[PDB]
């Protein structure tokens, strides 16, 4: 058992105090996308014991090739991680990893209903219903999808956090803050930043959203470019880390994966079952492990 998370204004609370949790996003769960081998109990317990992670995100592909809509095996991999997180007293994000979730609303509702029924009683579970909306209306496209999916979760699970994607690849948290979801408790809003691409401009939008009284949750962030490749931006990453520690913002680094790209935490061939020596981390993985392991415990 872990502390139940709630939202009060711009804070996520645990044990009656602002609290924040640091860990890794798994890569896309999709069949033959390469991330899938890391969807297992051994990776989850290694992240806890070696990285001191208190958070793992299962990034379940939806309408993209080899995703949940065409290969239900995606959900078996989510189940493995969620079960493992619960066994290790770690928070787990169930991420509907779509850029167009509002086009697959019925499928989203059915999936979150199933996840709520199975896992709703565990305080570990965090629902993320819409990874990264594109350049679409908050009020007219995202919010009504959010309302429909939240209603369905909340009929089954009245408490557990629901994180809602925001416009422009989950950047426009200031926009969401101007028309928040008020109808349901324990709703927080997605912020995504890639330190090779995003600095103070996006932090200012985040500050505006916090000032307007909504809670943020960085379910995905990178130390490299927005496209998941490029050099590690150490200085900008540290600026984001200070911002997130100051505002008690939970964070999952993209990505626990071995693909040849800057965002991968692991060198190609890093064991599917964990145990990685530090020399089998990339610059991004070494920076992500230093951030997660150093995260305030509260």
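Residue numbers count along the first chain shown, from 1.
Peer 1: Take the C-alpha B-factors listed in the entry for 129 to 137 and for 177 to 185, compute each mean, and give the stretch with the larger one.
Peer 2: It is 177 to 185 that shows the higher mean C-alpha B-factor.
Peer 1: Based on the entry's values, in what third of the chain does the Cα temperature factor of residue 282 lie: lowest, middle or highest?
Peer 2: It falls in the middle third of the chain.
Peer 1: Place residue 47 in the lowest, middle or highest third of its chain's C-alpha B-factors, as listed in the PDB entry.
Peer 2: According to the entry, residue 47 has a C-alpha B-factor in the chain's highest third.
Peer 1: Select lowest, middle or highest to describe the third in which the CA B-factor of residue 198 falls within its chain in this entry.
Peer 2: Middle third, going by the recorded CA B-factors of the chain.
Peer 1: When the modelled residues of the chain are sorted by Cα temperature factor, does residue 167 land in the lowest, middle or highest third?
Peer 2: It falls in the bottom third of the chain.
Peer 1: Place residue 64 in the lowest, middle or highest third of its chain's C-alpha B-factors, as listed in the PDB entry.
Peer 2: For residue 64, whose C-alpha B-factor we compare with every modelled residue in the chain, the answer is the lowest third.
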